[PDB]
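Taking the form deposited without the ligand, here's one chain by itself in structure tokens.
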């Protein structure tokens, strides 16, 4: 009789209930993976990418580390059969713009990649929520939505979750207040064209615009426009100094994963289908405050925007549809 049989009497022998997949194990993917592991969101974690050596190596490195956590099942493969029955699938894979390549051609190359990834994801996890991180995130959330045929509640983009956190932080810096005691959103298109919603900014329900009506206008003696500028410059300076951004996006994605996996029903400014709002008729995605839970987006908060704020979202929607209508599925 073996040592196993002398030491252990077994009574019985199952399926995971909180499985997350990360597609793409570049810097961003693995930052998402380590952040998710350490918030203990998943009882099974699956990693998928096309370079088989690097992929298995990352799986093993995580596994060994995970001996010092609440150790989950970690699997990996180029084959999407390892992603079966995921509650949440996080897409970080994509193509980066090359010198002399047009925006249209770049998005089309991303579309062609998603035409392989998304149907494979849907085949193996038909009930999953899709969280799109790949840039440009507003367009590629649309792309994932179109190819998956999923309802709008189960297709989310990382959107302005991180930029809103940055905005809240710098707002705090101006007021001598911790970022956690500040509220305010950056909405619309992820990046340069994003909209600082001044009306919504408050500390303890005391709205900033009420006390200082010139906040965010050209006539602003305190020049709060410089805050939103610094939010945008913030991301570029990380890339200039370090080469790329990993930790910041990783922890923003983990924040969204937490709200979904633990049904927290917290508000996040994430890329969602925006048709019907702000005089937008086209099938585009932009960031508005959404309530995230176990079925993805359960509700939108209907933010009242000024004339100028509506114009900026409308302009972004036009630009995005301008590209989306030229894409070939």
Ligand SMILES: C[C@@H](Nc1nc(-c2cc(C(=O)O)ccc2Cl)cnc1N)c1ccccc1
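If you superpose the two forms and keep the largest set of C-alpha atoms that fall within 1.5 Å, you have the rigid core. Numbering follows the first chain given and starts at 1.
Below, we turn to the form solved in complex with the ligand, even though it does not appear here.
- With the site C-alphas superimposed, the ligand pose in the deposited bound form sets the ligand onto this chain such that no atom is closer than 2.4 Å to backbone or C-beta atoms; an open site results.
- Remark: residue 125 does not count among the residues lining the ligand in the deposited bound form, judged by a heavy atom distance of 4.5 Å or less.
- Taking the partner from the other structure, the ligand in the deposited bound form has no heavy atom within 4.5 Å of any heavy atom of residue 148.
- Looking at residue 85, you'd find every heavy atom of it more than 4.5 angstroms from the ligand in the deposited bound form.
- Although the partner is absent here, residue 259 lies well away from the ligand in the deposited bound form, with no heavy atom inside 4.5 Å.
- Each of 235, 239 and 243 places at least one heavy atom within 4.5 Å of the ligand in the deposited bound form.
- Shown here without the ligand, the chain has only 28 in 9 to 36 lying with a heavy atom within 4.5 Å of that partner in the deposited bound form.
- Shift analysis on the rigid core between this form and the one not shown singles out 174 from 174, 78, 73, 123 (C-alpha displacement of 2 Å or more).
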